[PDB]
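First comes the structure, then the notes that go with it.
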Amino acid sequence: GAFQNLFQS
Amino acid sequence: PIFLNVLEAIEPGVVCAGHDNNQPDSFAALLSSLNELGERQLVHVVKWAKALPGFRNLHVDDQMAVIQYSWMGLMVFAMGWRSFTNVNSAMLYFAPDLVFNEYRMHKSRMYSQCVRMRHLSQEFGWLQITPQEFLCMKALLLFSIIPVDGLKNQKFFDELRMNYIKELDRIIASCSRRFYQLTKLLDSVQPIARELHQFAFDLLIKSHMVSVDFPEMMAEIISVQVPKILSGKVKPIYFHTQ
Ligand SMILES: CC(C)(O)C(=O)Nc1ccc([N+](=O)[O-])c(C(F)(F)F)c1
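Taken in sequence, the protein lines are chains B and A. Per the entry's author numbering, the first sequence starts with residue 1, numbered consecutively. Under the entry's author numbering, residues 671 to 843, 851 to 919 are what the second sequence spells out, in order.
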């Protein structure tokens, strides 16, 4: 989801 | 002092909400802007948290989880501090372009919650909290809420939290008097955060009804993670009972 994607940057 | 150096170096700077201040204080406009500001600040919280001493000792799922659970309290705490330091807690300094007076407190339908947060902000003055105490306490807040069934690798967390408590001691170093009060102030964050969680959750559920826009990350976190907390699967770690 969106948070993991953000965290991944 | 290596530890304080780091915290000072990684502290986020200014974050704006993008609020239209030239425009009537609508409930929907105010909360759409708080929701956008929430998203903006969560990005900064992530980049901060990832940079903290020892953070990579944690399993990467526990890394993600502790940020997600702690996000609201961290924001509440930083905001009280901004409020304290910019306006002596006269108003709530959410962002340079989203400063809440009583009127906005009322129109946001968050008056009771805003009252708690102003009282928190007054505490920073009443106790003469130093910028370095603030920084240590805020870092510890990140490690102050976890699932009752524990984390994926709990031992690494326990150790990290342990070392953040000790770093609070060091800085304190009457001491016992200081530590009592600061640990009390830290516990005081959690029930505010919990009222904020509830409000945010209810608003998400009724948001198409009230024309309040939720960004991506906010809707996900409030629907997936926050109910863990509100259902009691995830709880704060309190210094004092409570
Ligand atoms: C309504 C909800 C999800 O938007 C929200 O609580 N947003 C929000 C945004 C920013 C900040 N802030 O610290 O500046 C806070 C709060 F932590 F103060 F309450 C809440």
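All C-beta atoms, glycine included, are put in the ideal place defined by N, C-alpha and C.
8 angstroms contact criterion, which residue i and residue j should meet: CB distance rounded
i                      : j                      : result
residue 715 of chain A : residue 744 of chain A : 6 angstroms
residue 874 of chain A : residue 906 of chain A : 6 angstroms
residue 810 of chain A : residue 838 of chain A : 6 angstroms
residue 827 of chain A : residue 732 of chain A : 6 angstroms
residue 750 of chain A : residue 790 of chain A : 4 angstroms
Terminal residues of the alpha helix (DSSP H) in which residue i lies
i                      : result
residue 834 of chain A : 824 to 842
residue 757 of chain A : 730 to 757
residue 821 of chain A : Note, residue 821 of chain A: premise wrong, no alpha helix (DSSP H); not H, not E.
residue 687 of chain A : Per DSSP, residue 687 of chain A belongs to no alpha helix (DSSP H) and is neither H nor E.
DSSP three-state assignment for residue i, whether helix, strand or coil
i                      : result
residue 679 of chain A : helix
residue 911 of chain A : strand
residue 721 of chain A : coil
residue 852 of chain A : helix
residue 879 of chain A : helix
residue 902 of chain A : coil
residue 887 of chain A : helix
residue 868 of chain A : helix
residue 8 of chain B   : helix
residue 1 of chain B   : coil
residue 760 of chain A : coil
residue 702 of chain A : helix
Strand pairing of residue i, partner residues [DSSP]
i                      : result
residue 859 of chain A : Residue 859 of chain A pairs with nothing; no bridge assigned.
residue 765 of chain A : A:768
**Request:** Can you check the region 767 to 823 of chain A for any beta strand (DSSP E) of at least 3 residues that lies completely inside it and give the ranges in chain order?
**Result:** The DSSP assignment places 768 to 770 and 815 to 817 as complete runs of the beta strand (DSSP E) inside the region 767 to 823 of chain A, in order along the chain (cut-off: 3 residues).
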